[PDB]
Each structure stands twice: as C-alpha cells, then as structure tokens.
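Letters go in sequence order (proteins before strands), and every chain restarts at 1.
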There are 2 protein chains.
Amino acid sequence: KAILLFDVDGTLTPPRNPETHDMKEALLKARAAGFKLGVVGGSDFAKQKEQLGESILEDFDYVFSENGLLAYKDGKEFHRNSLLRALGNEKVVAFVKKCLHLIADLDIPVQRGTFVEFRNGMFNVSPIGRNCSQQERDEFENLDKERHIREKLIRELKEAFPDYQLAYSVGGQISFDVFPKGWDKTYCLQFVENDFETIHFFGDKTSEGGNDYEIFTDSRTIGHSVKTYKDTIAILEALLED
Amino acid sequence: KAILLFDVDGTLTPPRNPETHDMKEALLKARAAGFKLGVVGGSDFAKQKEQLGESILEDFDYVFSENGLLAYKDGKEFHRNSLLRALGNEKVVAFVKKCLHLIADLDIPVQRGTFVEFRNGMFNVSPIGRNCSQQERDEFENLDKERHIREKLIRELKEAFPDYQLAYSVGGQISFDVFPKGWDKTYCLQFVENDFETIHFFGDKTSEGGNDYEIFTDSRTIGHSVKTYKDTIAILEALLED
Ligand SMILES: [Cl-]
Ligand SMILES: [Mg+2]
Ligand SMILES: [Mg+2]
C-alpha cells in the first residue's frame with residue numbers, strides 16, 4: 001500500500017503548461033502497477049484541472065487543491081476548509097484592519113489598489129497593491145530589497161497577533177502570503193497518513209523557502225526533488241522497473 | 001452628417017448577452033443609409049468586443065471604451081487616457097491612503113479584502129471589500145441602507161479632497177466608484193462634436209443615477225430612452241423609413 005504524491009506545476013508539467021502525454025503515460029503505468037496516485041498543489045481545483053486535464057478526478061486517486069483545503073478521494077469531495085472557518089470573523093476583521101492601518105501609514109513612493117486580498121486559504125498583502133503595472137512591480141521589488149518594506153510589515157503582524165498562529169511567506173515582487181501555521185503542503189498528509197505504508201512525494205521546489213519544502217522534509221514522506229517532469233518520469237520508470 | 005451613438009448592454013443587446021442578428025441587421029441598414037455609428041460604454045474594450053462580436057472595429061465607425069478613455073475611429077486608436085495620468089501619482093497615493101485609513105477605522109461587522117481597487121478609469125471603494133461572499137454582499141447592502149456607510153465615506157472624501165474634482169457613484173451592493181468629474185459617457189462627445197450636425201444617443205439607463213443620464217440629457221445629443229434593443233431597432237427602422 002504505497003501512494004505517489006506530486007506537486008503539479010514543474011513536477012508533472014513543463015513550468016506553466018499542461019501535463020504531457022509522456023507524463024500521462026508514465027502515471028497510467030504506475031497505477032496499473034498498483035500505486036495509488038495523488039496530486040497536491042497550492043493552486044485551486046480549476047487551475048489543477050487546467051494543467052492536468054478535465055479527467056483529473058478520474059486520473060488521480062486523491063486530489064488536494066489549495067494544499068488540501070479542498071480534497072477529493074476516488075472522485076468525490078471529502079474535505080473543505082477555509083481561512084474564515086479557521087480564524088472566525090472577529091479575528092479576520094482585526095487582522096485586516098491592522099494590515100490596512102499599517103499600509104496606509106507607509107511612506108513609500110507608489111501605491112495603487114488591492115492591498116489586502118482575502119482568499120479561501122490565505123491573506124495576500126501588498127504594500128503597493130496588486131493593481132500596479134509590471135514596471136511598477138519591478139520598481140517596488142528594487143525599493144523593497146533596499147528598504148525591506150515587506151519584512152517589516154511581517155514583523156509587525158507577527159508581534160501584534162502571535163495568538164493567531166499564522167505563517168508568513170514573501171511572494172514574487174510585491175506581496176506576502178499569510179496563512180495558518182501548517183497550511184502548507186503537509187496539510188494533505190493527515191488525509192493519507194493512516195492508509196499507506198509508503199508515501200512518495202515529488203516536487204521541484206524542495207529547498208528552504210520553496211513551497212515543496214515542508215512536505216519533502218516531512219518524515220512521513222519519501223521525498224524526490226525533481227528539476228523537470230522528465231525526471232519525474234525517470235524516477236517512476238525506475239520505481240516500476242524494479 | 002449624422003452619427004448614431006449607442007450604449008451597449010441593454011441598448012444593443014439583451015441585458016447580459018451578445019448582440020442579436022436582428023440588432024446587427026438593423027445597424028447595417030442604418031450605415032448603408034449613410035449614418036455613422038458609434039458605441040460608448042463604461043466597460044473595457046475586451047468586454048465590448050465580447051458583446052458586440054470580434055469585428056466590432058469594422059462594424060462601428062467609432063468605439064468608445066470606458067466612456068471614451070480608450071477610443072477608436074475607423075478601426076484605429078486615437079485616444080487613450082487613464083486615472084493615473086489625470087491625477088498623477090502624488091494625488092493617487094494621497095487619495096488611496098485616506099480611503100484605507102477611513103475603511104480601517106470603520107466599526108462594521110464584516111470586512112474581508114479588496115477594499116480599494118485602482119482601475120484604469122476610477123477607484124472602486126468597498127467598506128466590506130469585494131472578496132466577500134454573495135450572502136455577505138446581501139447582508140452588507142441591508143446594513144448599508146440602515147447605517148449609510150457608503151454615503152458617509154463619500155461625504156468624507158469629498159470634504160477632504162475638493163480640489164481633486166472627483167465625481168462619486170454608489171454601486172450595486174458593496175461599493176462606490178470615484179472618477180474625475182466629466183468621466184461619464186459625455187466624455188466621448190468631445191471626439192464627435194465638431195464632425196456631426198446631429199448626434200443621436202440611445203440608452204436604456206437614462207434616468208437620474210443611470211450611467212446613460214448625462215449623455216442623454218446633454219444638449220449636444222438627441223437622446224432616445226429604450227427599454228430593450230428591440231425598441232432600438234424600432235426607432236432605427238423609423239429613422240430609416242422616413
Ligand atoms: Cl485593498
Ligand atoms: Mg512546483
Ligand atoms: Mg445599459
């Protein structure tokens with residue numbers, strides 16, 4: 001009783017493209033050899049269905065969207081959680097109010113709009129706001145490296161709301177994510193833990209700060225760091241060649 | 001030298017559907033009878049192209065997107081303006097900072113995310129934030145009717161920034177729009193004013209507070225209030241029957 005869990009983008013696909021027939025064929029073979037298959041990714045179910053095709057729920061035994069906040073097994077939903085349920089309304093409005101005050105009081109050159117986005121699994125917080133142009137993102141990113149605007153805000157929110165038990169993650173150029181501790185990819189492990197002797201995990205972003213790090217490092221998991229989906233295939237072929 | 005200008009949704013189409021072949025046929029006939037045709041609508045060019053079809057720039061002599069902030073004539077762009085250019089960066093960040101403080105200091109039950117959206121032609125401002133659920137929009141709307149949260153904010157911004165010369169418009173359930181005075185549909189009139197003796201305007205939202213009101217009422221315009229695109233056709237047939 002083994003299961004093979006895969007990060008999606010970059011692990012089962014070319015980075016920002018749909019899964020190849022090569023990859024599809026190698027998974028088919030793993031399943032008929034008797035492995036269960038699962039997919040876990042930070043992105044929502046629609047996005048995973050885009051990359052992996054429309055028969056996603058038939059092709060994989062488990063699908064964990066938003067790191068497992070929306071979870072399917074054998075084509076049927078069995079778990080749905082969200083940030084609002086974890087935190088509750090009172091804590092959500094307190095956190096967001098503090099974010100808005102903090103961002104309003106910044107002395108930075110450029111601000112636009114969409115400074116605090118409330119998403120199903122996280123707050124996404126942007127000092128400049130996500131309604132900026134790409135040239136503005138480039139500028140801010142450079143401003144940020146010098147002035148550490150995003151790191152200062154994180155410090156401020158961590159010190160204000162330690163009891164909220166939130167983790168914080170710096171994003172591309174203009175933002176950071178805020179989510180309950182544990183709401184990384186390891187969140188899905190509770191759902192397969194008691195049903196498999198061996199859990200392989202495949203991921204391409206497995207170093208410290210990559211979103212595959214915690215699940216890879218987790219002692220419940222046989223981690224495989226891939227550079228590309230073509231390595232994923234190679235590992236699988238080798239698992240199957242035996 | 002006459003031109004026929006149309007609001008798009010509800011005027012040339014069923015409310016939230018693409019333009020009919022009936023409507024398309026009646027415009028064809030108006031053009032071969034020697035009228036110029038134009039389209040003006042609050043929504044962006046992509047959206048107008050969705051409703052009116054992909055040959056939009058070939059089917060209409062003038063296309064005015066975002067009320068004419070992006071304007072085409074004879075299939076070619078001739079005007080592009082935006083809120084950031086009108087206001088400038090310093091004024092934009094001052095307005096948005098004040099919005100964020102105001103919204104942070106609200107004593108309302110529910111807030112979520114996306115409180116200030118910076119768009120090409122306007123700020124859209126939401127006390128609860130647009131990342132709320134529909135049930136939350138219903139609740140807020142009811143809360144708002146009792147407590148006048150949105151009207152109070154508008155008063156506050158009008159008194160703070162009179163020199164910015166901004167107009168303010170209450171939206172559906174959760175928001176209001178803020179834009180430079182004159183950036184309603186009459187904005188397009190400067191672009192046809194000196195080229196036509198007669199400018200008909202067709203619109204279905206022509207009463208006070210409707211986004212067709214100013215352009216309809218404007219003395220440069222022969223306004224026609226329609227209930228549906230089928231009335232638009234009738235008026236046109238009558239214009240053409242002569
Ligand atoms: Cl915001
Ligand atoms: Mg990846
Ligand atoms: Mg309309």
Side-chain angles (χ1 to χ4, degrees), chain A residues 2-20 22-24 26-27 29-31 35-45 47-48 50-52 56 59-72 119 121-122 124 141 150-151 154 166-173 175-193 195-241:
Chain A
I3 186 181
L4 306 173
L5 297 182
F6 309 89
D7 179 36
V8 177
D9 200 285
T11 299
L12 293 171
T13 69
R16 296 101 161 284
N17 269 260
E19 179 186 36
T20 315
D22 324 336
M23 193 65 251
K24 284 175 170 275
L27 296 164
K29 294 180 189 155
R31 213 185 191 179
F35 289 89
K36 298 312 187 87
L37 310 171
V39 127
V40 52
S43 55
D44 63 29
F45 171 72
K47 285 288 148 179
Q48 293 174 329
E50 157 174 316
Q51 303 185 81
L52 266 15
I56 189 176
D59 300 328
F60 289 94
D61 301 296
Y62 297 81
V63 175
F64 295 108
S65 326
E66 302 172 41
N67 299 327
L69 295 174
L70 200 227
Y72 296 85
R119 314 213 287 225
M122 66 173 75
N124 181 262
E141 177 184 50
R150 289 182 285 166
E151 282 163 55
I154 290 156
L166 290 171
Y168 292 78
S169 204
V170 169
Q173 295 183 280
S175 82
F176 59 94
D177 303 341
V178 183
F179 46 96
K181 290 186 206 173
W183 278 25
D184 62 63
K185 284 192 174 81
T186 56
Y187 188 89
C188 80
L189 268 26
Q190 68 189 302
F191 305 120
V192 297
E193 229 183 332
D195 286 282
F196 296 103
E197 252 70 306
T198 132
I199 310 173
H200 294 260
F201 169 77
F202 294 80
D204 64 302
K205 188 76 200 212
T206 61
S207 298
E208 269 186 291
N211 62 202
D212 286 331
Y213 176 67
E214 296 85 359
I215 181 153
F216 173 93
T217 307
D218 185 285
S219 75
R220 291 168 286 183
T221 262
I222 298 166
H224 308 268
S225 195
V226 302
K227 294 172 202 183
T228 78
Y229 87 96
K230 310 203 175 191
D231 297 319
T232 300
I233 282 167
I235 287 30
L236 288 179
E237 280 171 9
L239 263 186
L240 305 178
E241 93 182 59

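A salt bridge between A:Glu193 and A:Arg220 is present, with a side-chain N of the basic residue lying under 4.0 Å from a carboxylate O of the acidic one. Comment: A:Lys185 engages A:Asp7 in a salt bridge, judged by a side-chain N to carboxylate O separation of less than 4.0 angstrom.
Annotation: the span from A:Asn67 atom CG to A:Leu69 atom CG amounts to 6.5 Å, rounded to 0.5 Å. Here the CG-CD distance, from A:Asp44 to A:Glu66, works out to 6.0 Å after rounding to the nearest 0.5 Å. Atom NZ of A:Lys24 and atom NZ of A:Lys29 lie 14.5 Å apart (nearest 0.5 Å). Rounded to the nearest 0.5 Å, atoms CD (A:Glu50) and CG (A:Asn17) are 9.5 Å apart. Interatomic distance, OH of A:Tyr213 versus OG1 of A:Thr206, reported as 10.0 Å (0.5 Å rounding). Between atom CG of residue A:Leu5 and atom NE2 of residue A:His224 there is a gap of 10.0 Å, rounded to the nearest 0.5 Å.
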Check the pair A:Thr186, A:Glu214 against side chain to side chain donor-acceptor pair (under 3.5 Å), reporting the backbone distance first and the verdict last.
CA-CA 6 Å; A:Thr186 56; A:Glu214 296 85 359; over 6 Å; no
Could you walk me through whether A:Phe176 and A:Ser169 pass the side chain to side chain contact (heavy atoms under 4.5 Å, CB included) test, one step at a time?
CA-CA 5 Å; A:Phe176 59 94; A:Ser169 204; 5.9 Å; no
Before giving the answer on side chain to side chain contact (heavy atoms under 4.5 Å, CB included), spell out for A:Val63 and A:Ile56 the whole-Å C-alpha distance, their side-chain angles and the decisive distance to 0.1 Å.
CA-CA 8 Å; A:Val63 175; A:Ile56 189 176; 4.1 Å; yes
Quick one, A:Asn124 with A:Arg119, criterion side chain to side chain contact (heavy atoms under 4.5 Å, CB included). Give me CA distance, side-chain angles, the key distance, then yes/no.
CA-CA 7 Å; A:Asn124 181 262; A:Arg119 314 213 287 225; 3.5 Å; yes
Worked verdict on A:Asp212 versus A:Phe201 for side chain to side chain contact (heavy atoms under 4.5 Å, CB included):
CA-CA 9 Å; A:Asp212 286 331; A:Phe201 169 77; 3.4 Å; yes
Stepwise salt bridge (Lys or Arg N to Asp or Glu O under 4.0 Å) test for A:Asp204 and A:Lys227:
CA-CA 6 Å; A:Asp204 64 302; A:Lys227 294 172 202 183; over 6 Å; no
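Within the 4.5 Å cutoff, the side chain of A:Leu239 has heavy atoms near those of the A:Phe35 side chain. Using a 4.5 Å heavy-atom cutoff, the side chains of A:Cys188 and A:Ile215 are in contact. In this structure, the side chains of A:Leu236 and A:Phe6 come closer than 4.5 Å at one or more pairs of heavy atoms. By the 4.5 Å heavy-atom criterion applied to side chains, A:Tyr168 and A:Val178 are counted as neighbours. Residues A:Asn211 and A:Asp184 are not in side-chain contact: their nearest non-hydrogen atoms beyond the backbone lie 4.5 Å or more apart. Looking at heavy atoms from C-beta onward, A:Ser225 lies out of side-chain contact with A:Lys205 at the 4.5 angstrom threshold. Taking the side chain as every heavy atom from C-beta outward, A:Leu189 and A:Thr221 approach each other to under 4.5 Å. With contacts defined as side-chain heavy-atom distances shorter than 4.5 Å, the pair A:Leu27/A:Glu19 qualifies.
Of all heavy-atom pairs between A:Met23 and A:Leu12, the closest is CG-O, 3.2 Å. Nearest approach of A:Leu52 to A:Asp59, heavy atoms of both residues: O-OD2, 4.4 Å. Closest approach of A:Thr11 to A:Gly203, counting heavy atoms only: OG1-CA, 3.4 Å. Closest heavy-atom contact between A:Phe64 and A:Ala71: CD2-CB, 3.6 Å. For A:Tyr62 against A:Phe191, the heavy-atom pair with the smallest separation is CE2-O, 4.1 Å. The two residues A:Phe202 and A:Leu4 make their nearest non-hydrogen contact at CE1-CD2, 4.1 Å.
Side chain of A:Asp61 to main chain of A:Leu37: a donor-acceptor pair is present (N/O by atom type, distance under 3.5 Å, no hydrogens or angles). Here the side chain of A:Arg150 pairs a donor or acceptor atom with the backbone of A:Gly171 at under 3.5 angstrom. With hydrogens and angles disregarded, a donor-acceptor distance shorter than 3.5 Å links the side chain of A:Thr228 to the backbone of A:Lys230.
Summarising the local packing, NZ of A:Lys47 is surrounded by 12 or fewer heavy atoms from other residues, nucleotides or ligands at distances under 6.0 Å.
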